[PDB]
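J.: 3D model of this:
(3 chains, ligands or ions: 5)
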Amino acid sequence: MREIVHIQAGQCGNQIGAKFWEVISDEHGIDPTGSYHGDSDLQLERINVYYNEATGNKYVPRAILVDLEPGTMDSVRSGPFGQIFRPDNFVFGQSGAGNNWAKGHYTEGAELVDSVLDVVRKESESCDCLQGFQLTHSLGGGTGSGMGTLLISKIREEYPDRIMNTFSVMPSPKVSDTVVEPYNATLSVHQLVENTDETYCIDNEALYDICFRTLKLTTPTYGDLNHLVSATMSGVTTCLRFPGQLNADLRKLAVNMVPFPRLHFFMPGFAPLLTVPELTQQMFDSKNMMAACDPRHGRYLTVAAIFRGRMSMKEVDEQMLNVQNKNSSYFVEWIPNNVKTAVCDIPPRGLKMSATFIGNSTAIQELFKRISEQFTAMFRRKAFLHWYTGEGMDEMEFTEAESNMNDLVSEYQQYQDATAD
Amino acid sequence: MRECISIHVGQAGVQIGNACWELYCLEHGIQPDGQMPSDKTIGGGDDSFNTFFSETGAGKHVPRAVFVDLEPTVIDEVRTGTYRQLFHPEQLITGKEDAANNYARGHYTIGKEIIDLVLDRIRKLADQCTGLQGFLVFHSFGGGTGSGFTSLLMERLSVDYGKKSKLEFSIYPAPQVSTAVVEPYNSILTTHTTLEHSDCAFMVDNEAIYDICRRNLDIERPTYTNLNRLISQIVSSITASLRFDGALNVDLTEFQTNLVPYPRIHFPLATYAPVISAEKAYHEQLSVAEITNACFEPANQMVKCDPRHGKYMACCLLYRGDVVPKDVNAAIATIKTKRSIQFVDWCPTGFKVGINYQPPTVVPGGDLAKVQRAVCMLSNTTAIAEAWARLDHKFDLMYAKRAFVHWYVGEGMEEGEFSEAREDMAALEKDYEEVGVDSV
Amino acid sequence: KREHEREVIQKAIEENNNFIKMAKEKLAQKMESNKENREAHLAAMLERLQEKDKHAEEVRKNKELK
Ligand SMILES: Nc1nc2c(ncn2[C@@H]2O[C@H](COP(=O)(O)OP(=O)(O)OP(=O)(O)O)[C@@H](O)[C@H]2O)c(=O)[nH]1
Ligand SMILES: Nc1nc2c(ncn2[C@@H]2O[C@H](COP(=O)(O)OP(=O)(O)OP(=O)(O)O)[C@@H](O)[C@H]2O)c(=O)[nH]1
Ligand SMILES: COc1cc(C(=O)c2c[nH]c(-c3cccc4[nH]ccc34)n2)cc(OC)c1OC
Ligand SMILES: [Ca+2]
Ligand SMILES: [Mg+2]
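T.: Residues are numbered from 1 along each chain as shown, chains lettered A, B, ... in the order given. Ligands and ions are numbered 1, 2, ... in the order given. Coordinates below:
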């Protein structure tokens, strides 16, 4: 048993977290009551990873649901599968952070963080062999961003030898008008660069553009955005949940995807938004990236791709080798065999063939540059900084977060320019 | 006596062990419950197969083998598999967390928690031996356990068993079935650390096996199971001299005298023939001359290299089945006139021949045709250093950037171990160049 | 010639023992240096995380000057 402890913090984190549990519970044949209703025993072979088995053949998600906002607890309970979560794993405050990172990280969130850590502790200490943790949250708000990164720091203190994985939703003006989100994201990226082992950059800018341009959905809702998120989260966790020739876990993923500790921010991709050649070309298409970055504006350090459905592994192998040869210049020459392919026979709901892409590309700097531009536009005017200094923060902490993120961009640029000879 | 103890480390070592021991049982007429009706000495014996099998009073024939893995998934299948009754539970040793493709975790962090138990279980097997002759160690180069734990075990075995012989079957990494980007790192680290502790190592290039399965068994996309069925045939051909006996059977140790001129030059190239589909073999019988000639076709080698562009230091032919010396000698005579076989000036050119009369066995449901005669060539050629060159270059590309090195430093390793390991490989490539230069 | 026979087998014993001894010692040094390297790496990680706790209480004390 190699258990993962799942944590969802704040509104966005709990929303994409609930959808994640809905999708994978269906894939594993778990109904809202925790009972298994399944065809294949591939559904239960690696079920420990996300589910605890209570006596009576009931499976309970190893999930901790956290918010400074009381409402989200009831909305989780009333949603489909709200009736599968442990009630003791609901940890909620009364305040609400009002999109204030300092409240989530330093004051109101710190008051509540010990209560969450107790829930983390029952769940972690029951684990046969803990892999680590996966957190869902947004970076633009106050609780998921501020308290989420505080929680990551506190968990790493007690579990320094476990993997810390996050699904981090990046802010975009196309989906949110709240002004301070560039502050909250930069302060969060400052924490994530140091204290997580792997972070999926789920970019609301990319999610909006896919819904609008590709799926032709004007006025996209969060259900539309999260539909892409749940497809992505199902794909990038397929190799953790099902038995495969690769037998993936959170550490093996990090060892193979992260050549340098700070460069651990991944571009997820999904297809279709079919023949195997179509899947492979779409999966590498900039239109199918969940981070608003053009891969042809940088180079891939590492790539992990998972194909799902009944198809020819020979054809997949040929096509993957083919896109590498025809796009040689977009993979770094000094990491041999840096593109790995996996296959899972079980497709997701509603598709017979899908492909999910995890890229560690230096083009991810386009995402951080976009946030850096929005951050500095406000910080040069010191706008709304009293919201943060009012909670006791010092203003050069902003200086350091911006400087650390600018360092991350330059480091990605350094290995984009490096050559073998 | 002269018992051999097999040690299977990591997924690759364990799964290849499954294939070998299943094949051994079919070759010796041993049932999945360990009973061997043909064996009339109950509870013991001195037969040739007793080198690999001990016997209980209840007539069970038990492999002289230990299986070790740092996680339980793969060995659990042995515990619940077809041949679960073959092994005593203490021969199957598992931890809870694997090395995560990291040599440092297999050697230091995780491996150090289980090494004493493994050595204890090995000592239990060694104490059942009246004349222990040595160890056979199966492992991958690329896995964190296969690389890191094996080298830790080999170091401890040198201490606990002086200079008792230790042979390796080492799985050389190939991109087609690779599991980790850092496999070149693990390969160089384990080759450096194990070099002084191994007397002879048979490298198996997964790409070579992959290509043979595709080309010769018409297998569209070979799996580990396809690869391991072929590998077990080559391993069985090598150990056949230890498990059978006859008037023309040359022991493996006698081949080793010819194959290792200097302690570091202990990596023989294996070439095996014939690998033929049942549909091709039907009505087509391959002669002694044909299977021997196939030993000098590079497409049939266990590791990709070109001995035609290197020099030979030894040539051994291990035949099994309907083979007589007269036909061997004529085949060798023909091949020498027509093939590119250049020996170094300091070695005799003769070929050492062993013949075991029991024909090759095939496991039911496999892709290999049953054939009347097969041969495995063991040659000491400078061309095998090509495998080091390719591996060392992949190492150099990543290490120049220190890519992924932090995963090893974080487990307590130092950069000095990387460069020390790489310098040893550079000296090894130099050694193979020096042995090939004419005398002065 | 008998004296030479004694010296040959004594040299063979001494070299096998010396190989065991040095392999035993090199391993013990390797395991000990790796243990202190990994411990120091973990200690530095916690020290940085504990300095985050000191900065966090400092931020709260500054707000307490409300
Ligand atoms: N993709 C996606 N993004 C969301 C969703 N909900 C909120 N967001 C984004 O999250 C950002 C704000 O973070 P929230 O999660 O709403 O705030 P919070 O974490 O609950 O913290 P506070 O409400 O301030 O206490 C905005 O930029 C939103 O665009 C969602 O369901 N899906
Ligand atoms: N021929 C063959 N090669 C294998 C097999 N299993 C794994 N490999 C190869 O071994 C390498 C990976 O090492 P593993 O043995 O799987 O890893 P490990 O020894 O269990 O070490 P861990 O990292 O702790 O899992 C890859 O190059 C695989 O191609 C097998 O069954 N047969
Ligand atoms: C292939 O796809 C996946 C793999 C892994 C994984 O653990 C792993 C191991 N090696 C690797 C790996 C990554 C990159 C280059 C590589 N060259 C050799 C191995 C390798 N990646 C995890 C996944 O999802 C959680 C996953 O799905 C997307
Ligand atoms: Ca007997
Ligand atoms: Mg393994």
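J.: all the helices of the stretch 51-200 of chain B, in order from the start?
T.: For the stretch 51-200 of chain B, applying DSSP state H, counting those that start in this stretch gives helices covering B:73-79, B:103-104, B:115-127, B:144, B:150-160, B:183-194.
J.: do the same with the stretch 301-440 of chain B
T.: Using DSSP H, counting those that start in this stretch, the helices of the stretch 301-440 of chain B run over B:325-338, B:385-399, B:405-409, B:415-435.
J.: quick one: contacts of the one helix or strand residue A:255 maps to?
T.: In this assignment (DSSP states H and E), residue A:255 forms part of helix A:250-257. Residues external to helix A:250-257 that are found in contact with it (C-beta atoms under 8 Å, 6 or more residues apart in numbering or on different chains): A:4, A:131-132, A:134, A:163, A:165, A:197-198, A:239-240, A:264, A:266, A:302, A:304, A:340, A:358, A:360, B:100-102, B:179-182, B:404, B:407. The C-beta positions use only the backbone N, C-alpha and C, and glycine is treated the same way.
J.: do the same with stretch C:55-66
T.: Against stretch C:55-66 from outside (C-beta under 8 Å, 6+ apart): A:102, A:105, A:106, A:107, A:110, A:150, A:390, A:391, A:392, A:393, A:394.
J.: what's the burial count for the nearest residue to the second one once chain neighbours are set aside?
T.: Leaving aside its sequence neighbours, residue A:105 sits nearest to residue A:146 (C-beta to C-beta, 6 or more residues apart in numbering or on different chains; 3.6 Å). When neighbours are defined as other C-beta atoms under 10 Å in any protein chain shown, residue A:146 has 33 of them.
J.: and residue C:46, by the same measure?
T.: Neighbour tally, residue C:46, other C-beta under 10 Å: 13.
J.: tell me the angle of the host helix or strand of it relative to helix B:115-127?
T.: According to DSSP H and E, residue C:46 maps onto helix C:2-63. Counting by axes from the mean of the first three to the mean of the last three C-alpha atoms, to 10 degrees, helix C:2-63 points 150 degrees away from the direction of helix B:115-127.
J.: redo the helices of the stretch 51-200 of chain B as a markdown table? Include mean neighbour count.
T.: Formatted as a markdown table, these follow (neighbours: other C-beta atoms under 10 Å in any protein chain shown):
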| stretch | mean neighbour count |
| --- | --- |
| helix B:73-79 | 18 |
| helix B:103-104 | 32 |
| helix B:115-127 | 16 |
| helix B:144 | 34 |
| helix B:150-160 | 23 |
| helix B:183-194 | 26 |
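J.: for these, which one sits closest to ligand 4?
T.: Proximity to ligand 4, assessed across these by C-beta to the ion, is greatest for helix B:115-127 (17.4 Å).
J.: contact partners of that closest one?
T.: Contacts for helix B:115-127 (C-beta under 8 Å, 6+ apart): B:5, B:7, B:54, B:64-66, B:68, B:90-91, B:93, B:132, B:149, B:152-153, B:156-157, B:160-161.
J.: same check, this time on stretch A:358-367
T.: With C-beta under 8 Å, 6+ apart as the criterion, stretch A:358-367 contacts A:170, A:200-201, A:203, A:205, A:236, A:253, A:257-259, A:263-269, A:289, A:291-305, A:408-409, A:412-413, A:415-416.
J.: report the buried members of these.
T.: Neighbour counting over those (16 or more other C-beta atoms under 10 Å in any protein chain shown) leaves A:170, A:200-201, A:203, A:205, A:236, A:253, A:257-259, A:263-269, A:289, A:291-293, A:295, A:298-305, A:408-409, A:412, A:415-416 as the buried ones.
J.: in strands, which of those appear?
T.: A:170, A:200-201, A:203, A:265-269, A:300-305 (DSSP state E).
J.: and chain C, which of the residues you listed reach it?
T.: When those are checked against chain C using C-beta under 8 Å from any C-beta of the partner chain, none falls in range.
J.: tell me the one of these nearest chain B?
T.: The nearest member of these to chain B, counting by C-beta to the nearest C-beta, is residue A:302 at 6.6 Å.
J.: hang on, the closest one packs against residue A:335?
T.: Yes: using C-beta atoms under 8 Å, residue A:302 makes contact with residue A:335 at a distance of 6.7 Å.
J.: what's the overlap in contacts for the two?
T.: Counting by C-beta under 8 Å, 6+ apart, the residues touching both residue A:302 and residue A:335 are A:259, B:181.
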